[PDB]
2 protein chains.
Amino acid sequence: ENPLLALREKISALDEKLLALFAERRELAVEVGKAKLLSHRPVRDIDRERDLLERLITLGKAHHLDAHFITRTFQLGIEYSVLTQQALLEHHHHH
Amino acid sequence: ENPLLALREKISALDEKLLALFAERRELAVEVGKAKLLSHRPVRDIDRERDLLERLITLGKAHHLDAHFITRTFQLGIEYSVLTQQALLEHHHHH
């Protein structure tokens, strides 16, 4: 009974759930972009971004996840949300 | 209400679920490392890592998630799992 096969299948299941949450996070970024456009609020606030990241680092430490790994991972997520919101603004200004 | 406040709270809930899955993924990495040691597979398999990443990119595209974002995010995740498995092999000094 090769125990590696069952473990790799559980990791694949976990990775599919991560992708589904990434997709949901992107839908939310679109909604944020829309609300900002309706509210005339800018996309970027680098103080907001940095404070968000500090909070994620603290929540991560409760799970014993390395601060550096959390920083790098969530910097990607924040950047992707911002790119998504900016692309939304940019599309509607092309009219 | 201010619709941005509800959206940012849903994004925070989503980020807490991501952290929980990151934690679970790390526990699984430890189990994989153990099983490899018991099975005499080497701790690193760079072909496995590269093939996994390609699969995740394709599953991501089905969710309309950018390939570059997927690539960068899962490169971090895979590296984190691998460092964990290597540390377990190295701790075989104590074992």
Side-chain angles (χ1 to χ4, degrees), chain A residues 2-8 10-14 17-36 38-39 48 52-53 55-60 62-66 68-81 83-84 87, chain B residues 2-26 28-36 38-39 41 48 52-53 55-60 62-65 68-81 83-84:
Chain A
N2 185 2
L4 284 170
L5 277 167
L7 289 167
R8 285 170 185 156
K10 295 223 307 310
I11 292 170
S12 297
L14 192 156
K17 291 197 273 297
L18 289 170
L19 289 178
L21 292 167
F22 292 162
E24 194 41 56
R25 197 183 199 281
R26 182 181 167 247
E27 296 295 318
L28 294 166
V30 173
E31 299 203 52
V32 175
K34 294 176 172 161
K36 285 185 182 166
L38 293 160
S39 293
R48 192 212 70 102
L52 176 49
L53 200 58
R55 169 66 169 173
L56 291 158
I57 291 163
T58 313
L59 295 170
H63 292 279
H64 306 111
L65 291 165
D66 179 78
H68 192 254
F69 166 71
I70 292 310
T71 295
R72 295 192 68 193
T73 298
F74 281 99
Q75 274 171 344
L76 295 167
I78 295 166
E79 285 173 24
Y80 191 57
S81 165
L83 289 166
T84 298
Chain B
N2 187 352
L4 284 177
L5 292 200
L7 289 166
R8 284 171 183 152
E9 284 310 293
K10 293 186 221 305
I11 293 169
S12 298
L14 190 159
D15 290 346
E16 294 186 29
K17 292 181 197 175
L18 289 172
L19 289 179
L21 290 169
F22 292 163
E24 193 177 331
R25 197 178 195 283
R26 177 162 206 216
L28 292 168
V30 175
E31 297 301 329
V32 168
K34 294 197 187 219
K36 284 176 178 167
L38 294 161
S39 293
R41 269 94 174 196
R48 192 192 152 282
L52 179 48
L53 194 61
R55 167 65 155 180
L56 290 158
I57 293 162
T58 308
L59 293 173
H63 286 94
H64 306 111
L65 291 163
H68 185 255
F69 168 70
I70 295 309
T71 296
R72 297 262 298 193
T73 296
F74 282 98
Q75 276 171 342
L76 293 169
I78 292 168
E79 182 191 60
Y80 193 73
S81 280
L83 292 164
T84 288

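Throughout, protein chains are lettered first and strands after them, A, B, ... in sequence-line order, and every chain is numbered starting at 1.
- Taking CZ of A:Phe22 as the reference point, atom CG of B:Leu56 lies at 9.5 Å (rounded to 0.5 Å).
- Here the side chains of B:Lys10 and A:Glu31 are not in contact, with every heavy-atom distance at 4.5 Å or above.
- Taking NZ from A:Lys36 and CG from B:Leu7, the interatomic distance works out to 10.0 Å, rounded to the nearest 0.5 Å.
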Kindly indicate, with the supporting measurements, whether the criterion side-chain contact (heavy atoms from CB on, under 4.5 Å) is fulfilled by A:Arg8 and B:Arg48. CA-CA 11 Å; A:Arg8 285 170 185 156; B:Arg48 192 192 152 282; 3.1 Å; yes
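- The distance from atom CZ of B:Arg26 to atom CG of A:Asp66, rounded to the nearest 0.5 Å, is 8.5 Å.
- The aromatic rings of B:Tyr80 and A:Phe69 sit parallel to each other, their planes meeting at less than 30°, with 60° as the upper class boundary.
- A salt bridge links B:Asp15 to A:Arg25: one of the charged nitrogens lies within less than 4.0 Å of a carboxylate oxygen.
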After noting the C-alpha distance and the side-chain angles of A:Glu24 and B:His63, does the key distance pass the side-chain contact (heavy atoms from CB on, under 4.5 Å) rule? CA-CA 9 Å; A:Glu24 194 41 56; B:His63 286 94; over 6 Å; no
Before giving the answer on side-chain contact (heavy atoms from CB on, under 4.5 Å), spell out for B:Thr73 and A:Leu18 the whole-Å C-alpha distance, their side-chain angles and the decisive distance to 0.1 Å. CA-CA 11 Å; B:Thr73 296; A:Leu18 289 170; over 6 Å; no
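- The CD1 atom of B:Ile11 sits 8.5 Å away from the CG atom of A:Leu52 when rounded to the nearest 0.5 Å.
- Within the 4.5 Å cutoff, the side chain of B:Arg41 has heavy atoms near those of the A:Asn2 side chain.
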Verdict with supporting geometry, A:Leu19 and B:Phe74, side-chain contact (heavy atoms from CB on, under 4.5 Å): CA-CA 10 Å; A:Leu19 289 178; B:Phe74 282 98; 3.8 Å; yes
